[PDB]
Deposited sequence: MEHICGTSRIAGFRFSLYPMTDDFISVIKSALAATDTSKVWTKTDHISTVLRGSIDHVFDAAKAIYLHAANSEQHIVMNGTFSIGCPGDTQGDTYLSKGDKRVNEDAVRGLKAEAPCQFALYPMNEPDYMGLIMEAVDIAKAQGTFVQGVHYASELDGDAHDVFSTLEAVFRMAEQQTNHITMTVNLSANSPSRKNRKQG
């Protein structure tokens, strides 16, 4: 039960290389297995650590002040899946370093519960949590819109993710998060 996040940062600026490089290096990534490549970075580990590093990387990137987007896919429970491209063993190591950092996280996201006859209800559940949390804006074709500070939106995304995986063995969730837009 290793959580995964494959994501990309997109700094809308000539200074893109440094923003990417710097968001990654600024994060405490000691609690996740990481691999950066030409297209994307992948984090693997426990849900806490994956989500913790995800929010962190997002907040560092956003605090560059450039218009940045984080776009990626959260995954857990894929059948097979090596027991070891991971860091094993509970603390949200990034929490402290980033509680003075804030950011807007307008977001479009999609929940994909796999091999799951009740996936429609699971997604319906996902919408309810977002509504309950106050982060939900609207539904659009193929996704749901969220808005709020990084902390509230990332809360919403994790709660949805946690809810659904409690129910189904294999789930993916895509997120598309925008910071520092006009």
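S.K.: So which bits of the deposited sequence did not make it into the model?
M.R.: Counting from residue 1, the stretches without coordinates are 1 to 8, 98 to 99, 193 to 200.
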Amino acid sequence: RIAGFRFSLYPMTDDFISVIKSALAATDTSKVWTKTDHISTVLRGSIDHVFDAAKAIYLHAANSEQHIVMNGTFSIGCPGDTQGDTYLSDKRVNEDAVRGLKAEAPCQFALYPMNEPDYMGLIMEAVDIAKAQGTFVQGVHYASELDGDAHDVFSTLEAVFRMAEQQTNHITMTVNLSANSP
From here on, numbers count along this sequence of modelled residues.
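S.K.: Please compare 35 to 43 with 115 to 123 and say which has the higher mean C-alpha temperature factor in the record.
M.R.: Mean C-alpha B-factor is greater for 115 to 123.
S.K.: Do the CA atoms of 69 to 77 or those of 95 to 103 have the higher mean B-factor in the entry?
M.R.: On average, C-alpha B-factors are higher across 95 to 103.
S.K.: Based on the deposited C-alpha B factors for this chain, I'd like to know if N169 is in the lowest, middle or highest third.
M.R.: As the PDB entry reports it, the C-alpha B-factor of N169 lands in the highest third of its chain.
S.K.: Compared with the other modelled residues in the chain, in which third is the CA B-factor of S178?
M.R.: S178: CA B-factor falls in the middle third of its chain.
S.K.: Would you check the entry's CA temperature factor for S144 and let me know if it's in the chain's lowest, middle or highest third?
M.R.: Middle third.
S.K.: Relative to the other modelled residues of the same chain, rank the CA B-factor of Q138 and answer lowest, middle or highest third.
M.R.: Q138: CA B-factor falls in the middle third of its chain.
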